[PDB]
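Reading through the structure tokens given below for one structure.
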2 protein chains.
Amino acid sequence: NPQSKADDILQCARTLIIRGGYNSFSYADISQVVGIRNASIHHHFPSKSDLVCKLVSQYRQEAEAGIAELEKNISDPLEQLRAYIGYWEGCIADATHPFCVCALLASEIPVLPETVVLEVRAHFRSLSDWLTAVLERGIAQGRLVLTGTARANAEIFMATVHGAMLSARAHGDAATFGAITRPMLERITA
Amino acid sequence: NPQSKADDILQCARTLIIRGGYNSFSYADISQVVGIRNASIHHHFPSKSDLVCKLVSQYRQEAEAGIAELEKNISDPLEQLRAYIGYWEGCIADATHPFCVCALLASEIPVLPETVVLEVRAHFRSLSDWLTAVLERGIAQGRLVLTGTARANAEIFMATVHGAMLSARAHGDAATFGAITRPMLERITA
């Protein structure tokens, strides 16, 4: 049915966009993977900008649901940050989606449609908000020690994660991501 | 003359690639800026992969010459790292080239030509080598204090720089880059 074809197009486009960003895939590539013709893609999504806004909105919904599940299941804020690091290490291992869609698109902001840029920036502010709240709970519970504010530390940890994803993709390697991100976690442990 | 046209094409392509990466510009865009026709671009560069390898090799030559000049002019290793941070803050201010060509291309590695990937990875290993040597001199001179090895700290600082460039481009802002990168520098000051 129609819904399943729309889901297949979004699945496919998400995998392609993680390889090379907004301009690295075409509707022809989606036809090659999913088997629908070009005109059919347009019935589902009236433009590529709309397809990518829909993909990023779904990616954020899933990203927020996954860090919420960490927050729910894990009592200690430090262990929530450690489990978030572990989640990305598993994604880089599985190698299907070894990069954050929004971090990748952020590097291309100046050429992206404005509607896509809105979705990408919303993920950054939202992830920063989550990390800020986890760090604040860690202070409130005497589980962490910080220099500077929780928000400033959240912004450093998010930048370190995005830079570590980039180093793992570049000069190689399944231990890079942890080797870069974990020392902060051990620093801030009370 | 011929050389000047080749330089103009590389200048133009460097500015375009910093906006959106490898797939965000075409030879038509270069013709629009530089005024040569499509066939003329091909006389200078037999393929787009070759044009981009030439651009990245020139960008690295310049990047290495600039950090070498820091190293030459500045005696204290900590002040060499602080001046490197300042160099990127000035680039983000001037807004012409507010992102590293190689950091941007690294996010697209899976779709890049292999010859381009070689040049991008060479920049990462080389910048990591430079930062490692600056950190080692800082230890040898009693100017810095590190947890873990100099190379592991170099890899964190390079990832923090690349992640900070990304946050400055994303959820906005000429103070983000320093706000993320400078706390490390003050941490490691002896």
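Letters for chains follow the order of the structure tokens (A, B, ...), residue numbers begin at 1 for each chain, and ligand numbers begin at 1 in the order shown.
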Task: Proximal residues of chain A relative to chain B (only C-alpha atoms; 7 Å) as a PyMOL selection string - done: chain A and resi 19-21+23-24+104+106-108+110-111+121+124-125+155-156+159-160+162-164+166-167+169-171+180
With N, CA and C atoms kept, could you save the residues just selected as a PDB file, in the first residue's frame?
ATOM      1  N   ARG A  19      25.411   8.482   4.187  1.00  0.00           N
ATOM      2  CA  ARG A  19      26.665   8.295   3.477  1.00  0.00           C
ATOM      3  C   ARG A  19      27.317   9.576   3.003  1.00  0.00           C
ATOM      4  N   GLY A  20      26.502  10.538   2.574  1.00  0.00           N
ATOM      5  CA  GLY A  20      27.078  11.717   1.894  1.00  0.00           C
ATOM      6  C   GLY A  20      26.306  12.999   1.969  1.00  0.00           C
ATOM      7  N   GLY A  21      25.238  13.091   2.770  1.00  0.00           N
ATOM      8  CA  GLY A  21      24.495  14.318   2.901  1.00  0.00           C
ATOM      9  C   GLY A  21      23.460  14.559   1.802  1.00  0.00           C
ATOM     10  N   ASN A  23      23.104  16.256  -0.940  1.00  0.00           N
ATOM     11  CA  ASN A  23      23.363  16.298  -2.389  1.00  0.00           C
ATOM     12  C   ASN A  23      24.032  15.051  -2.904  1.00  0.00           C
ATOM     13  N   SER A  24      24.143  14.038  -2.061  1.00  0.00           N
ATOM     14  CA  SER A  24      24.864  12.829  -2.466  1.00  0.00           C
ATOM     15  C   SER A  24      23.933  11.760  -3.026  1.00  0.00           C
ATOM     16  N   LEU A 104      25.536  15.405  10.165  1.00  0.00           N
ATOM     17  CA  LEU A 104      26.052  15.434   8.815  1.00  0.00           C
ATOM     18  C   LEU A 104      25.444  16.624   8.068  1.00  0.00           C
ATOM     19  N   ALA A 106      24.279  19.278   9.228  1.00  0.00           N
ATOM     20  CA  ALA A 106      24.716  20.582   9.724  1.00  0.00           C
ATOM     21  C   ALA A 106      25.944  21.085   8.997  1.00  0.00           C
ATOM     22  N   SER A 107      26.813  20.189   8.513  1.00  0.00           N
ATOM     23  CA  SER A 107      28.021  20.668   7.856  1.00  0.00           C
ATOM     24  C   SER A 107      27.718  21.282   6.514  1.00  0.00           C
ATOM     25  N   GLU A 108      26.494  21.081   6.040  1.00  0.00           N
ATOM     26  CA  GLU A 108      26.120  21.594   4.686  1.00  0.00           C
ATOM     27  C   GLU A 108      25.082  22.719   4.768  1.00  0.00           C
ATOM     28  N   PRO A 110      24.768  25.903   4.700  1.00  0.00           N
ATOM     29  CA  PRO A 110      24.653  27.056   3.748  1.00  0.00           C
ATOM     30  C   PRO A 110      23.983  26.690   2.408  1.00  0.00           C
ATOM     31  N   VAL A 111      23.970  25.414   2.025  1.00  0.00           N
ATOM     32  CA  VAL A 111      23.353  25.031   0.737  1.00  0.00           C
ATOM     33  C   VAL A 111      22.042  24.307   0.942  1.00  0.00           C
ATOM     34  N   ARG A 121      18.635  22.332  12.981  1.00  0.00           N
ATOM     35  CA  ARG A 121      18.973  23.154  14.153  1.00  0.00           C
ATOM     36  C   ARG A 121      18.145  22.734  15.333  1.00  0.00           C
ATOM     37  N   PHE A 124      19.888  19.978  17.176  1.00  0.00           N
ATOM     38  CA  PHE A 124      21.033  20.421  18.001  1.00  0.00           C
ATOM     39  C   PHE A 124      20.515  21.025  19.303  1.00  0.00           C
ATOM     40  N   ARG A 125      19.557  21.952  19.203  1.00  0.00           N
ATOM     41  CA  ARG A 125      19.128  22.604  20.453  1.00  0.00           C
ATOM     42  C   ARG A 125      18.523  21.577  21.372  1.00  0.00           C
ATOM     43  N   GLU A 155      27.279  21.655  25.634  1.00  0.00           N
ATOM     44  CA  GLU A 155      27.728  22.072  24.324  1.00  0.00           C
ATOM     45  C   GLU A 155      29.085  21.483  23.983  1.00  0.00           C
ATOM     46  N   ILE A 156      29.993  21.387  24.982  1.00  0.00           N
ATOM     47  CA  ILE A 156      31.288  20.706  24.734  1.00  0.00           C
ATOM     48  C   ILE A 156      31.049  19.230  24.476  1.00  0.00           C
ATOM     49  N   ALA A 159      29.623  18.685  20.975  1.00  0.00           N
ATOM     50  CA  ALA A 159      30.606  18.961  19.942  1.00  0.00           C
ATOM     51  C   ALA A 159      31.642  17.820  19.898  1.00  0.00           C
ATOM     52  N   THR A 160      32.021  17.314  21.072  1.00  0.00           N
ATOM     53  CA  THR A 160      33.006  16.201  21.126  1.00  0.00           C
ATOM     54  C   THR A 160      32.427  14.969  20.461  1.00  0.00           C
ATOM     55  N   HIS A 162      30.072  14.900  18.081  1.00  0.00           N
ATOM     56  CA  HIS A 162      30.005  15.084  16.635  1.00  0.00           C
ATOM     57  C   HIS A 162      31.422  15.061  16.018  1.00  0.00           C
ATOM     58  N   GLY A 163      32.415  15.605  16.731  1.00  0.00           N
ATOM     59  CA  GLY A 163      33.753  15.586  16.194  1.00  0.00           C
ATOM     60  C   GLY A 163      34.299  14.159  16.234  1.00  0.00           C
ATOM     61  N   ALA A 164      33.928  13.359  17.242  1.00  0.00           N
ATOM     62  CA  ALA A 164      34.421  11.984  17.343  1.00  0.00           C
ATOM     63  C   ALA A 164      33.817  11.097  16.238  1.00  0.00           C
ATOM     64  N   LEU A 166      33.138  12.161  13.377  1.00  0.00           N
ATOM     65  CA  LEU A 166      33.841  12.583  12.186  1.00  0.00           C
ATOM     66  C   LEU A 166      35.207  11.908  12.135  1.00  0.00           C
ATOM     67  N   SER A 167      35.949  11.906  13.268  1.00  0.00           N
ATOM     68  CA  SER A 167      37.271  11.221  13.266  1.00  0.00           C
ATOM     69  C   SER A 167      37.120   9.731  13.004  1.00  0.00           C
ATOM     70  N   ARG A 169      34.892   8.284  11.143  1.00  0.00           N
ATOM     71  CA  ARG A 169      34.627   8.159   9.673  1.00  0.00           C
ATOM     72  C   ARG A 169      35.951   8.453   8.878  1.00  0.00           C
ATOM     73  N   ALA A 170      36.757   9.421   9.356  1.00  0.00           N
ATOM     74  CA  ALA A 170      38.027   9.822   8.667  1.00  0.00           C
ATOM     75  C   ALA A 170      39.184   8.856   8.926  1.00  0.00           C
ATOM     76  N   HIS A 171      40.176   9.264   9.705  1.00  0.00           N
ATOM     77  CA  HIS A 171      41.417   8.475   9.711  1.00  0.00           C
ATOM     78  C   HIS A 171      41.256   7.168  10.485  1.00  0.00           C
ATOM     79  N   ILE A 180      37.816   9.269  22.174  1.00  0.00           N
ATOM     80  CA  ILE A 180      37.694  10.720  22.224  1.00  0.00           C
ATOM     81  C   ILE A 180      36.633  11.147  23.252  1.00  0.00           C
TER      82      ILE A 180
END
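Summary of the local environment: counting only C-alpha atoms, residues at most 6 Å from segment 131-145 of chain B, other than itself and those fewer than 5 positions away along its chain, are residues 77, 150, 151, 154, 188, 189 and 190 of chain B.
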With C-alpha atoms retained, export the selected residues as a PDB file, in the first residue's frame.
ATOM      1  CA  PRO B  77      53.336  25.507  23.258  1.00  0.00           C
ATOM      2  CA  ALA B 150      49.768  13.631  24.116  1.00  0.00           C
ATOM      3  CA  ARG B 151      48.364  11.812  21.042  1.00  0.00           C
ATOM      4  CA  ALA B 154      45.554  15.773  20.327  1.00  0.00           C
ATOM      5  CA  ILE B 188      45.579  21.728  30.575  1.00  0.00           C
ATOM      6  CA  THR B 189      47.460  24.952  31.547  1.00  0.00           C
ATOM      7  CA  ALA B 190      49.997  24.018  34.239  1.00  0.00           C
TER       8      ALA B 190
END
Task: Point-to-point distance from atom CA of residue 52 of chain B to atom CA of residue 49 of chain A, Å rounded to tenths - done: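 Interatomic distance here is 26.7 Å.
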- [ ] Between B:146, B:101, B:6, B:12, single out the one closest to residue 59 of chain B, counting only C-alpha atoms.
- [x] B:101
Which residues are close to residue 47 of chain B, i.e. within 12 Å by only C-alpha atoms, leaving aside same-chain residues fewer than 6 positions away? Reply as a PDB file with N, CA, C and O atoms, in the first residue's frame.
ATOM      1  N   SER B  26      28.769  22.351  -9.083  1.00  0.00           N
ATOM      2  CA  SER B  26      28.957  21.736 -10.376  1.00  0.00           C
ATOM      3  C   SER B  26      29.952  22.613 -11.162  1.00  0.00           C
ATOM      4  O   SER B  26      30.239  23.789 -10.812  1.00  0.00           O
ATOM      5  N   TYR B  27      30.390  22.082 -12.295  1.00  0.00           N
ATOM      6  CA  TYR B  27      31.180  22.942 -13.204  1.00  0.00           C
ATOM      7  C   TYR B  27      30.345  24.115 -13.696  1.00  0.00           C
ATOM      8  O   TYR B  27      30.903  25.207 -13.884  1.00  0.00           O
ATOM      9  N   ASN B  38      32.373  25.574 -19.767  1.00  0.00           N
ATOM     10  CA  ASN B  38      32.553  24.225 -19.269  1.00  0.00           C
ATOM     11  C   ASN B  38      33.772  23.491 -19.856  1.00  0.00           C
ATOM     12  O   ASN B  38      34.597  22.925 -19.116  1.00  0.00           O
ATOM     13  N   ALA B  39      33.938  23.495 -21.175  1.00  0.00           N
ATOM     14  CA  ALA B  39      35.058  22.785 -21.798  1.00  0.00           C
ATOM     15  C   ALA B  39      36.403  23.282 -21.306  1.00  0.00           C
ATOM     16  O   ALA B  39      37.345  22.524 -21.194  1.00  0.00           O
ATOM     17  N   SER B  40      36.481  24.580 -21.004  1.00  0.00           N
ATOM     18  CA  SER B  40      37.716  25.142 -20.535  1.00  0.00           C
ATOM     19  C   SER B  40      38.084  24.595 -19.148  1.00  0.00           C
ATOM     20  O   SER B  40      39.269  24.403 -18.863  1.00  0.00           O
ATOM     21  N   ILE B  41      37.094  24.372 -18.294  1.00  0.00           N
ATOM     22  CA  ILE B  41      37.375  23.773 -16.984  1.00  0.00           C
ATOM     23  C   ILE B  41      38.052  22.411 -17.166  1.00  0.00           C
ATOM     24  O   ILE B  41      39.060  22.100 -16.552  1.00  0.00           O
ATOM     25  N   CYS B  53      41.065  16.957  -5.674  1.00  0.00           N
ATOM     26  CA  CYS B  53      42.340  16.575  -5.060  1.00  0.00           C
ATOM     27  C   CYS B  53      43.314  17.726  -5.094  1.00  0.00           C
ATOM     28  O   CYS B  53      44.046  17.926  -4.112  1.00  0.00           O
ATOM     29  N   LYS B  54      43.349  18.469  -6.212  1.00  0.00           N
ATOM     30  CA  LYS B  54      44.272  19.612  -6.304  1.00  0.00           C
ATOM     31  C   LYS B  54      43.912  20.710  -5.302  1.00  0.00           C
ATOM     32  O   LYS B  54      44.792  21.396  -4.784  1.00  0.00           O
ATOM     33  N   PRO B 113      35.323  10.211  -4.136  1.00  0.00           N
ATOM     34  CA  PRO B 113      36.351   9.447  -4.813  1.00  0.00           C
ATOM     35  C   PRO B 113      37.480   8.997  -3.886  1.00  0.00           C
ATOM     36  O   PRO B 113      37.910   9.790  -3.017  1.00  0.00           O
ATOM     37  N   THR B 115      40.567   8.872  -4.375  1.00  0.00           N
ATOM     38  CA  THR B 115      41.748   9.750  -4.393  1.00  0.00           C
ATOM     39  C   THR B 115      41.549  10.986  -3.501  1.00  0.00           C
ATOM     40  O   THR B 115      42.518  11.460  -2.834  1.00  0.00           O
ATOM     41  N   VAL B 116      40.316  11.488  -3.437  1.00  0.00           N
ATOM     42  CA  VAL B 116      40.004  12.603  -2.533  1.00  0.00           C
ATOM     43  C   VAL B 116      40.083  12.162  -1.086  1.00  0.00           C
ATOM     44  O   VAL B 116      40.609  12.915  -0.234  1.00  0.00           O
TER      45      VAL B 116
END
Task: Proximity to residue 66 of chain A - best of A:13, A:36, A:78, A:127, only C-alpha atoms - done: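 Of A:13, A:36, A:78, A:127, the one nearest residue 66 of chain A, counting only C-alpha atoms, is A:127.
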TODO: Can you check which residues of segment 18-137 of chain A DSSP gives as helix (DSSP H, G or I) on the backbone and send them as a PyMOL selection string?
DONE: chain A and resi 18-20+22-24+27-34+38-44+48-73+77-94+101-106+109-111+114-137
